[PDB]
Amino acid sequence: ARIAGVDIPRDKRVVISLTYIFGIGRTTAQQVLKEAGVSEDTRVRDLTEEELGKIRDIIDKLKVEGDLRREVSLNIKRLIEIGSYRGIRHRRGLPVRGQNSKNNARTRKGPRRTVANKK
Amino acid sequence: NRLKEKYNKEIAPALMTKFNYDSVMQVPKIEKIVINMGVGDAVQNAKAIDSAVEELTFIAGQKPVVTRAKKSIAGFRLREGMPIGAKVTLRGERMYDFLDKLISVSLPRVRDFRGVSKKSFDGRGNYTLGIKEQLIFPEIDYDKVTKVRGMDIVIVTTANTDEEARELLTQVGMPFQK
Amino acid sequence: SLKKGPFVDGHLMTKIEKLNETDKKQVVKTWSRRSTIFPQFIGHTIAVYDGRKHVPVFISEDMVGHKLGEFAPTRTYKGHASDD
Amino acid sequence: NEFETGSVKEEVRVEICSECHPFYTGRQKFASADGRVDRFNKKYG
Amino acid sequence: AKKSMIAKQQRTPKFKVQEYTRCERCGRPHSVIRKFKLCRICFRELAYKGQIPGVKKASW
RNA sequence: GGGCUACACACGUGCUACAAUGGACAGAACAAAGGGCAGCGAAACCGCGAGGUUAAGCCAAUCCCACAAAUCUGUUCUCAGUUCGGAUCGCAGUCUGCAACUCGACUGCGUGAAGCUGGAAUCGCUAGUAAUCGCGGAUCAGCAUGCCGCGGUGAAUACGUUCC
């Protein structure tokens, strides 16, 4: 479990079912299915005994789950050892793309708490 | 038994030429594998630790036995009684029927894994390994178990030195990170 | 950036060129941080003009497309009162 | 690929085998082609 | 420093992008409409003075 | 060259959502007003896209910006952190500009925060008003969730001056 992207779900149509794969998104799924000719097909999981394999190969050409996590990880590790400034933003809790800090930007900062008063 | 015949014809003769042996006949041999559960309870009230015990029957056909604690712990449950984890000691033909599933199927299935075990050797002989998923073992169904439980394997080598114990494993086809 | 291409002011170009062909002089200040690192520029160490003080910067093989002035932050950290 | 062993089930389909897995099968490119490209290879004219 | 600023502007910029708009009647930069190159206040006072047709004010 | 964009946090004010009166796809259909020659730039072609190549016409009730969007008609998902929402970030491109690191915009791909309607408290509005959907302009090399306008769809309630 499973034949291609590991741990694809069940009782869902195939396109959203492999969008869950850490790699393929929506439009990429539209492309791999355009190569497939499945036409959707199948709402549940019942494709075909061999077509599941040929799709397994095309998905195999795409790459790849936790190693793709290793791509981003090795990339940011490349972005910290380089000096730096971008990875510096990655670990300050500072947003990296460049969008102030005086308000909001809590996506990294977190909620609580507060430690100031006047007067 | 195919793995069992494999060292009787392929591995041993190659192993014999790699270095000298006293009294010719001598050769390192696998002894026992010990699979640990641990579970971790969290906290004591599983409530059914035995449900985890049933799961290990799938990983290996030998019946698991719960390991009752012989010492109390201030940090976690519990004083003696109410066993934590389980243990298995498969042997004989079961030994290589299980190891054949390990190299051919189990280890490659893991996501991030590519190879391990470098400093892992005791310097004496015994091999050790950690197992963090039931997906690793093909016989288990995905629908069962749900929440993950941990697992262990400890191959034993007859050889008195790790340098011999390691070389025996390499010819078995055991993966190494290198 | 865009295409054709990354843009040094061009004085740094002839400077690092002369420093590469001969002399092998090390540590030089620059005010023009806008210039991108180049493969010919590799291994040099430049004092970067943040404004307040020049910050020396070695160039590893890994850095090229990043801006030369990016590595030195003008900003002073943090500054905050009661840490921990 | 097929393998003759023993189990509670009379038949066992299996998604992955050592003869198919890229690591056990020599050093197949599979999908990588590791290190392409690093740490630098960026030039365009 | 408005004299220095208008002196800065009337002189040709090293780059064409540099030329920000400003009214002649007053040396204040910023908030100057480009189409008429007048101050909002410059155009205000001229509006009470009345420089162009017509109606004036707040129709439609 | 920086900084005016700081960052442990507080507050004011907007935007987007927390979804089946919905999401997504396909087809079909109705605007107003404004801007345009150092400009608008059709059509044809190249690129998945952004845009690019090339170039007709227009000093404009002629031509261009320009396609209206909600809606309607069907297909599909069937109640969940979801085909809900889009954050954050990575990679690869693109427009403007001597030049996009600080500190620009946009696109393709990938990643898929929080949030399942919000305490105390508080604001607007008596009809084409509230509700909501798109468009244009001033600003302007580039940058408009802000501001100023344009039109589409379009209600509920008003017993009354006890009380604020």
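Residues numbered from 1 in each chain as written, not as in the entry; some residues may be left out. Chains lettered and ligands numbered in written order. Part of a larger assembly, values for the part shown. Heavy atoms only, no water. Residues with missing side-chain atoms left out of burial classes, pairs and counts.

cryo-EM is the method the PDB entry states for this structure, with the resolution given as 4.75 Å.

**Quick look at the overall build of chain D**
The number of helices and strands found in chain D is zero helices and zero strands. With an accessible surface of roughly 4800 Å², chain D has 46% of that area assigned to carbon and sulfur atoms. Taken as two groups, the 8 positive and 8 negative side-chain charges of chain D have centres that lie 21 Å from each other. (Helix = DSSP H or I, 4+ residues; strand = E, 2+ residues; numbered from the N terminus. Areas by Shrake-Rupley, 256 points an atom, 1.4 Å probe, with all protein chains shown as cover. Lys, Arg positive; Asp, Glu negative; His and termini not counted. Charge placed at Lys NZ, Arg CZ, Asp CG, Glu CD.)

**Let's talk about the packing of aromatic side chains**
Taken together, a centroid distance of 4.6 Å and an interplanar angle of 35 degrees make the contact between B:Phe19 and B:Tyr21 tilted. Taken together, the aromatic side chains of B:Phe121, B:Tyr127 and B:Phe176 make up a single cluster linked through ring pairs. (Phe/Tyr/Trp six-rings, centres within 6.5 Å; stacked < 30°, edge-to-face > 60°.)

**Remarks on the sheet that holds strand β3 (residues 54-58) of chain C**
Where strands meet in a sheet, backbone hydrogen bonds hold them as pairs that are either parallel or antiparallel. All names here are of chain C. Read across the open sheet, the three strands follow the order β1-β2-β3; overall the sheet is mixed. In this open sheet, the two strands that pair with only one neighbour each are β1 (28-30) and β3. Across the sheet, the axes of successive neighbouring strands diverge by a mean angle of 30 degrees, strand direction being ignored. (Pairing = 2+ DSSP bridges. Axes fitted to C-alpha atoms, helices over the stretch in contact; angles between N-to-C directions.)

**Quick look at the arrangement of the chains**
For the five pairs of chains in contact, the largest share of contacts goes to chains B and D. If you take every C-alpha in chain B and every C-alpha in chain C, the smallest gap between them is 25 Å, and the two do not touch. Between chain B and chain E there is no contact, and the shortest C-alpha to C-alpha distance separating them is 53 Å. (Contact = heavy atoms within 4.5 Å.)

**Considering the pairing of strand β2 (residues 45-49) of chain C**
Residue and element names in this part refer to chain C. In the sheet, β1 pairs with β2 via three bridges, with the strands oriented parallel. Bridge pairing links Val28 to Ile46 in β2. Two elements, β2 and β3, share five bridges in a ladder whose sense is antiparallel. Opposite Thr45, over in β3, you have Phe58 as the bridge partner. The hairpin formed by β2 and β3 contains four residues between the paired strands, and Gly51 there has a positive phi angle of roughly 130 degrees.

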